[PDB]
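These notes concern the structure reproduced below.
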Amino acid sequence: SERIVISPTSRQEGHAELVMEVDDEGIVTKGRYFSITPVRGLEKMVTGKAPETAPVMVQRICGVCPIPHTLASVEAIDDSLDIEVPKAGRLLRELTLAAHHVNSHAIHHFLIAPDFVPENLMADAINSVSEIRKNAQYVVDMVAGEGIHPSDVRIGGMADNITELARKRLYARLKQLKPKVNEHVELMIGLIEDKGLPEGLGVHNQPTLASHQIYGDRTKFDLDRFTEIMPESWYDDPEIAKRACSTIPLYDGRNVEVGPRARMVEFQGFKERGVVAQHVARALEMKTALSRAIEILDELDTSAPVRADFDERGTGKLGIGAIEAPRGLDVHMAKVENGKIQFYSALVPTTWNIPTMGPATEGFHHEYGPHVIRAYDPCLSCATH
Amino acid sequence: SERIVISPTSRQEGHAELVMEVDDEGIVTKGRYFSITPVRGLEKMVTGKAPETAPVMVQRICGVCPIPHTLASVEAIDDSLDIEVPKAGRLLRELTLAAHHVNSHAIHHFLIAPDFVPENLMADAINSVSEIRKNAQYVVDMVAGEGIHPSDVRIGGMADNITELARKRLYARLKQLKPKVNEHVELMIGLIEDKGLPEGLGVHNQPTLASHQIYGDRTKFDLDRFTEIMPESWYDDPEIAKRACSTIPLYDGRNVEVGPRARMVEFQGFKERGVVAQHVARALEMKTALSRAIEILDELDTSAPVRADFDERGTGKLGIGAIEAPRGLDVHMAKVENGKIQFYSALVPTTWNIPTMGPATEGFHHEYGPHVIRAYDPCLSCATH
Amino acid sequence: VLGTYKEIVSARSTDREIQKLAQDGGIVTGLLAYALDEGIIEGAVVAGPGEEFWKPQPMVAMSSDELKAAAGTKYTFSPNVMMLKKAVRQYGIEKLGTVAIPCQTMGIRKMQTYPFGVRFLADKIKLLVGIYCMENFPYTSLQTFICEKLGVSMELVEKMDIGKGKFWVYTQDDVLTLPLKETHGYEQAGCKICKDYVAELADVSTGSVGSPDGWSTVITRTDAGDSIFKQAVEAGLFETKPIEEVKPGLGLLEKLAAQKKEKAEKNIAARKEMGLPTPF
Amino acid sequence: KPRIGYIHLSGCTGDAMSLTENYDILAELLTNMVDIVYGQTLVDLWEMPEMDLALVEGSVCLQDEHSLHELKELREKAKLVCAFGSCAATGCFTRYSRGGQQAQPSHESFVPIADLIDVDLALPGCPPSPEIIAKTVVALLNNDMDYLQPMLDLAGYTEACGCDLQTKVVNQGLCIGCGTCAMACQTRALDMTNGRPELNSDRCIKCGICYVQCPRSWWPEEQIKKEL
Ligand SMILES: Cc1cc2nc3c(=O)[nH]c(=O)nc-3n(C[C@H](O)[C@H](O)[C@H](O)COP(=O)(O)OP(=O)(O)OC[C@H]3O[C@@H](n4cnc5c(N)ncnc54)[C@H](O)[C@@H]3O)c2cc1C
Ligand code: SF4
Ligand code: SF4
Ligand code: SF4
Ligand code: SF4
Ligand SMILES: [Fe+2]
Ligand SMILES: [Fe+2]
Ligand SMILES: [Fe+3]
Ligand SMILES: [Fe+3]
Ligand code: NI
Ligand code: NI
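Protein chains in written order, with the authors' numbering: chain A, 2 to 386; chain A', 2 to 386; chain C, 2 to 281; chain B, 46 to 273. A prime marks a further copy of an entry chain.
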């Protein structure tokens with residue numbers, strides 16, 4: 002037939018090349034998505050290096066979803082170490098993650114807005130996202146030190162805990178923000194339907210995965226279920242298998258798409274499935290995040306210590322930290338022996354997706370096909386690291 | 002445009018006014034449902050009053066779903082107190098709740114029967130519901146003292162436990178009833194499809210909530226997830242926000258519809274969704290209830306004590322009791338300090354629904370729109386209290 | 002109009018603390034605190050501060066430091082008057098002065114006139130202070146305003162005051178106001194018939210209205226109250242400027258008082274036309 | 046054919062449910078025995094037709110503009126207005142209410158409908174037992190008032206403590222300690238210490254069933270005809 006390669010696909014963090022095989026009508030038959038970004042190699046670089054480092058190096062893996070990465074790393078490490086964050090310390094982490102989901106989602110909207118929103122609106126639409134985006138940052142940076150790339154979160158605690166004056170200053174900002182975010186989603190929700198991408202777009206049979214709506218639970222996860230396999234096996238083509246920079250992580254031997262759409266279906270109950278559905282899911286998802294934001298904020302100890310003291314030298318035993326990044330489930334496993342990491346592995350939400358994305362872009366005329374991919378809002382830098 | 006107000010909407014307990022905004026075709030655009038009943042103010046009246054009172058005053062909140070209310074209140078209070086019902090005592094409560102689900106559902110059918118059933122049938126149809134209704138009452142009253150408004154259920158136990166002669170007398174009645182109920186649902190199930198309300202009626206994206214198919218589990222509930230917000234924020238109109246008598250309880254910042262349809266999807270597995278679906282769900286739901294009825298009944302200690310003695314003066318700590326009312330999930334939280342309630346809050350199944358009901362009545366020609374509302378079978382007296 | 006009075010003045014207490022935390026004038030706290038010095042009152046019962054946030058629970062404070070904690074305004078029922086039996090009885094007080102809304106104030110005087118099972122209490126009150134109240138609302142009624150209307154926690158408002166033609170919430174970093182016409186449903190059914198905007202019964206009456214912001218207008222209904230006030234002004238705690246001279250005109254306050262009477266009067270006609278019993 | 050109308054101002058709605066309880070009668074009864082009009086619960090016509098009798102479930106609330114507005118309309122519409130269930134008749138549990146629970150914190154006052162408008166008869170109970178309600182309907186339908194003499198009398202009743210059979214009867218020295226009134230407690234608040242009734246307030250809804258069911262409170266010699 003004829004196969005059309007889009008590289009790199011536009012409007013998503015990093016670079017991925019989508020390769021398509023089409024019939025004469027141009028309906029696609031095999032859709033292949035792979036990430037061609039060079040691997041910055043964090044998982045390796047962290048190894049044999051101290052625990053204290055691991056959160057800092059790791060978050061640079063992805064500057065959009067930095068807070069989830071930092072949280073996961075600390076959780077994985079604290080778990081291997083066995084430190085216990087005090088409840089205020091734990092609450093601060095959750096509060097930051099929520100602010101981050103809200104923000105990250107907004108960033109995604111800015112990126113996909115051009116396809117969705119008419120130009121007349123768009124300058125106004127973009128402005129609102131910035132407005133919602135700007136408030137959310139205040140929380141993420143204020144709680145967690147500067148964010149993006151907040152340096153404040155640390156093994157076994159938070160570096161410091163917000164003053165009541167700070168917490169109050171934050172609250173009004175979050176509570177006041179609630180009306181705009183509610184409206185913003187409706188406009189976004191309103192826009193997405195209008196596009197009327199052909200119904201049945203981007204439907205895949207792949208299982209979804211969620212641990213928690215916001216903060217992720219390590220316990221609801223199976224090392225036994227989980228497996229990771231290199232693209233070399235998974236991909237059809239020697240060229241494509243060699244080109245792809247990303248390992249495919251398999252759940253129960255099944256390619257898995259994990260997302261807000263997935264996070265909603267598992268936890269909220271979101272019967273509808275589509276690409277339009279993934280988009281709808283992203284809005285309501287930030288809607289839910291922001292709530293917890295204010296929820297945790299109102300009830301915050303504000304004097305309870307954040308830091309729990311811990312012993313860095315560690316038992317060989319590995320620990321897993323899973324938290325929900327704006328783009329889907331994330332886990333970090335680390336084993337600390339002698340106080341320096343011995344094995345470090347990260348599966349980022351995109352990584353789970355990239356195998357499912359190619360099958361998704363099949364059927365509907367390919368001009369559509371990048372639309373499906375862009376709906377997943379993958380950030381490669383996360384997928385490859 | 003033109004907005005048509007139906008007040009109060011017919012065939013449902015209490016009064017709610019549905020307000021509709023319609024295009025020329027008359028397809029609705031915004032559907033607003035609010036309860037205009039005056040608040041009897043139970044949640045407040047209970048406060049500063051003894052624990053012993055709280056179940057009695059509270060059940061009067063709703064004389065249809067009185068047993069769920071009583072059960073919830075006692076559970077909330079016993080939990081705050083920490084009394085432990087002995088297993089026979091616990092079994093009696095479950096047995097009563099089951100009889101109540103069966104009965105309550107039947108009452109709902111009588112109410113909505115006129116739209117569903119042809120007049121020639123209807124006198125016969127109504128008679129059967131009375132027949133199923135009459136047997137179920139025997140169990141609810143016999144176990145729990147007179148019901149409706151059974152006075153027998155009490156903090157930390159049941160007032161007294163049925164004699165084997167009573168238990169036997171009951172069983173034949175329940176076991177014999179099983180064939181009629183099975184047939185009754187089929188006729189009801191058969192009738193509902195015939196109406197053929199346009200498919201896609203009453204579909205909403207709102208998350209469903211269930212704790213348990215019959216008896217509700219407190220543990221599967223999040224104070225963290227839960228929030229309640231006054232209509233003043235939620236409603237579009239100052240007039241409508243002021244008029245509405247009901248707080249909207251938000252799950253994860255998302256309006257939530259909790260129902261037999263919801264109870265089935267969460268627990269039974271009920272993939273289908275519709276208004277027709279809610280109706281179908283009500284039948285199979287009583288079908289399941291009645292089973293447990295007889296199940297618990299066959300294996301009943303009949304001499305094991307019902308009462309567990311308890312200390313009324315309480316720790317400040319609040320406790321939540323959640324049980325499934327025929328119309329959807331219910332919880333009661335109480336804190337008992339000094340032996341008199343200090344904070345009492347009730348969220349009744351309708352309360353959860355009322356926000357979701359307005360969005361549900363959108364799209365299909367409005368003459369349909371009350372049909373959607375009536376499917377939820379809301380009882381306002383519960384929603385407002 | 003105003004109830005018959007000895008004089009009308011608008012005054013502020015001198016002290017920095019009273020100005021700092023007092024709602025307006027700081028006269029109630031200043032007047033009450035001074036009496037303690039003079040000793041006309043052994044102790045006074047002043048609402049607040051309650052277990053809830055911005056919820057007043059009545060407390061009898063012998064201590065001046067305590068009165069300062071009490072000073073502020075909370076727009077909810079605080080049944081001040083419940084205390085009076087308790088305060089006189091245990092923290093035995095020969096003469097006790099209390100701050101009473103006009104409403105409470107109506108309740109005490111009849112009791113002083115008609116004790117009917119209040120023993121010895123009746124003599125004991127020395128100075129009763131009346132605060133003008135247009136309307137006041139249940140805590141929940143209040144709670145809705147702060148949150149559905151102002152989008153702020155109950156925690157955040159440092160002070161809440163009803164400015165003329167508006168409701169003002171003062172929170173660190175902000176001031177938020179909503180119109181009174183917004184407020185109209187919420188205040189208690191009982192107040193619908195409350196005739197007296199000013200505290201006519203009260204010995205001295207203090208209100209924000211008719212005085213510039215930070216200045217409180219105190220009107221002295223009775224001679225004992227007047228005496229305590231004259232003594233305080235001599236003390237120099239309060240800077241007093243005759244009311245008529247300073248805008249807004251006390252005529253405006255008078256108009257507000259009149260409006261209240263018009264509202265009461267018809268309500269009573271409606272209640273009277275209807276079966277349900279009415280006092281008044 | 047006779048038109049019965051039931052309007053529920055503010056009621057737990059048990060009263061309506063009790064009505065459906067008399068099953069054997071019920072299926073036929075709406076169809077043959079009686080005509081029901083202007084019941085929002087049982088029917089869907091918004092403005093009431095003239096009705097031979099009106100049954101009002103719940104105590105009116107002063108604050109709510111509609112309930113008061115509706116009640117005034119009801120008197121013209123219903124040739125006879127009967128308030129049933131304690132909540133219309135005595136104000137029942139409603140009395141305990143102190144308003145101020147959101148939303149609508151203001152609504153704090155509820156009064157038995159009877160106080161607002163003269164009511165021909167009220168039969169109390171929370172709910173009224175299904176049989177009494179059926180017996181009256183047949184009686185009303187069959188037009189006999191020797192039977193409903195007690196109820197016409199009961200319309201007056203309004204406020205009723207548990208406390209009151211002690212003032213109303215035991216104090217009068219009427220009480221003989223039969224125990225009938227304790228049996229007639231839906232709440233189960235009443236119980237008999239030797240041998241008089243002792244009731245515990247924490248648990249009384251002020252329904253009024255105990256004052257009504259004491260043999261002492263009023264003896265009909267009507268019944269003697271019924272047995273024999
Ligand atoms: C419910 C209410 C409504 C009011 N409405 C108005 C109004 O419309 N216009 C106006 O000019 N002034 C009104 N006031 C009074 C006015 O707002 C100032 O509070 C006061 O009159 C000025 O005294 P100050 O400046 O010395 O303040 P402060 O020194 O703070 O004096 C305030 C005193 O009021 C007492 N207090 C607080 N809350 C209550 C309560 N619920 N019941 C009884 N006592 C209480 C406290 O004990 C405190 O000591 C109202 C007060 C209340 C309580
Ligand atoms: S308006 Fe009248 S009744 Fe209401 S608080 Fe003020 S004085 Fe009391
Ligand atoms: S009389 Fe009893 S059953 Fe009827 S509405 Fe009133 S409380 Fe409910
Ligand atoms: S019915 Fe009357 S006399 Fe008989 S026991 Fe009861 S209260 Fe006493
Ligand atoms: S004691 Fe029982 S019957 Fe008598 S009024 Fe109270 S609740 Fe009703
Ligand atoms: Fe990896
Ligand atoms: Fe509630
Ligand atoms: Fe990521
Ligand atoms: Fe209910
Ligand atoms: Ni990322
Ligand atoms: Ni109910």
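In this text, a Cβ means the ideal position worked out from N, Cα and C, and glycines have one as well.
- Counting other Cβ atoms within 10 Å of its Cβ, residue 179 of chain A reaches 16 or more and is therefore classed as buried.
- Leaving aside the five residues that flank residue 315 of chain A' on each side, the residues in its chain whose CB is nearer than 7 Å to its CB run, in chain order, 81, 82, 337, 338 and 340.
- Contact annotation, residue 151 of chain A' with residue 68 of chain A': C-beta distance approximately 6 Å; criterion of less than 8 Å satisfied.
- Secondary structure note for residue 122 of chain B: its alpha helix (DSSP H) is the uninterrupted segment 110 to 122.
- Residues of chain C whose Cβ lies closer than 9 Å to the Cβ of residue 169 of chain A are, in chain order, 154, 156, 157, 172, 173 and 174.
- For residue 208 of chain A', the nearest CB of chain A lies under 8 Å from its own CB, placing it at the interface with that chain.
- Taken from the Cβ of residue 230 of chain B, every heavy atom of ligand 4 lies 7 Å or farther away.
- Scanning the region 59 to 106 of chain B for uninterrupted beta strand (DSSP E) segments of 3 residues or longer gives 96 to 101, listed from N- to C-terminal end.
- Two segments are said to touch when three or more pairs of C-beta atoms, one from each, lie closer than 8 Å; by this definition the region 290 to 310 of chain A' does not touch the region 246 to 254 of chain A'.
- Counting only runs of at least 4 residues, the region 143 to 214 of chain C fully encloses the following alpha helix (DSSP H) elements, listed from N- to C-terminal order: 181 to 184.
- Residue environment for residue 191 of chain C: exposed (fewer than 16 other C-beta atoms within 10 angstroms of its C-beta).
- In this structure, DSSP gives residue 210 of chain A a state outside helix and strand, which the three-state scheme calls coil.
- Any Cβ of chain A closer than 8 Å to the Cβ of residue 253 of chain A' would place that residue at the interface, and such an atom is present.
- Below 8 Å, too few C-beta pairs join the region 102 to 110 of chain C and the region 4 to 13 of chain A' to call them touching: fewer than three.
- Looking only at A'/263, A'/139 and A'/360, the smallest Cα-Cα distance to residue 291 of chain A' is reached by A'/139.
- Interface flag for residue 335 of chain A' against chain B is unset, since no Cβ pair is found closer than 8 Å.
- With contacts defined as CB atoms closer than 8 Å, residue 157 of chain C and residue 89 of chain A fail to qualify as a contacting pair.
- Between the alpha carbons of residue 206 of chain A' and residue 186 of chain A lies a gap of roughly 14 Å.
- Proximity of chain C to residue 176 of chain A at the Cβ level (cut-off 8 Å) is accounted for by 152, 153 and 154, in chain order.
- Of all C-beta pairs linking the region 105 to 125 of chain B to the region 58 to 67 of chain B, fewer than three are shorter than 8 Å, placing the two stretches out of contact.
- The shortest C-alpha to C-alpha distance from residue 13 of chain C to any of C/220, C/175, C/123 and C/183 is the one to C/220.
- Residue 321 of chain A' has A'/334 as its beta-bridge partners, per DSSP.
- At a Cβ-Cβ threshold of 8 Å, residue 32 of chain A and residue 370 of chain A count as neighbours.
- Closer than 9 Å at the C-beta level to chain A', one finds these residues of the region 271 to 292 of chain A: 271, 272, 273, 281, 285, 288, 289, 290, 291 and 292.
- Residue 357 of chain A' is bridged by DSSP to nothing; it lacks a bridge partner.
- The alpha-carbon separation between residue 148 of chain C and residue 228 of chain B amounts to approximately 49 Å.
- DSSP lists C/240 as the bridge partner or partners of residue 13 of chain C.
- What residue 145 of chain C touches in chain B, judged by beta-carbon distance under 9 Å, is 147, 148 and 150, going in chain order.
- Taken through DSSP and simplified to helix, strand or coil, residue 21 of chain A' comes out as strand.
- Its chain contains 256 as the residues whose beta carbon lies nearer than 6 Å to that of residue 209 of chain B, once the 5 sequence neighbours on both sides are disregarded; these appear in chain order.
- Residue 161 of chain A' carries a coil assignment under DSSP once its states are collapsed to helix, strand and coil.
- Assignment of residue 59 of chain C by DSSP, reduced to helix, strand and coil, places it in the strand class.
- In the structure shown, residue 192 of chain A falls within a helical segment according to DSSP collapsed to helix, strand and coil.
- No heavy atom of ligand 11 is found nearer than 7 Å to the CB of residue 246 of chain A.
- Taking 7 Å as the cut-off, the C-beta of residue 214 of chain C does not count as close to any heavy atom of ligand 9.
- Residue pairing by DSSP places residue 4 of chain A' opposite A'/22 in a beta bridge.
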